[PDB]
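In: what follows is a protein structure lacking sequence information:
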């Protein structure tokens, strides 16, 4: 849909209008999307539901030495957004991976939806103050 951001801004408006009316909607959004509307980071455990094999990759990075990978990785990942695939930077080491799993989960949640989210957040903050 070439206007999809506008529809996401409408539904963000509709969420904030439902909140304003004190009326319950049958929405059941992910914890990731609720965190984005709260301005909270996602957690790696959220990936378990969104991309189990990606959660498993991060869990193979956790509690294992990078030496178990047998090839190097860096803060860059191939991401499909809007059906275009592009390699995007995220900014590897024993110190960086702690952030990589956080940051890679940020990229995987928002990168493909960042513009829909920005429309939703404009619709939301239009009616319900962020703070």
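Out: That came through fine. Numbering: from 1, shown residues only.

In: so who does the residue nearest to residue 89 when sequence neighbours are not counted touch?
Out: Once flanking residues are discounted, residue 89 sits nearest to residue 76: 5.0 Å by C-beta to C-beta, 6 or more residues apart in numbering. (Each C-beta comes from the backbone N, C-alpha and C, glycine too.) By C-beta atoms under 8 Å, 6 or more residues apart in numbering, residue 76 lies in contact with 87, 88, 89, 90.

In: separate out the buried members of those.
Out: For these, a neighbour count by 16 or more other C-beta atoms under 10 Å gives the buried set as residue 90.

In: what's the farthest-apart pair in the contacts of residue 76?
Out: 87 and 90 (10.5 Å; C-beta to C-beta).

In: show me the strands in this protein, by range?
Out: In the chain, the strands defined using DSSP state E lie at 76-81, 84-89.

In: got the contact list for the last one?
Out: Just to be clear, that refers to strand 84-89. 75, 76, 77, 78, 79, 107, 111.

In: quick check: angle from it to strand 76-81?
Out: In terms of direction (axes from the mean of the first three to the mean of the last three C-alpha atoms, to 10 degrees), strand 84-89 departs from strand 76-81 by 150 degrees.
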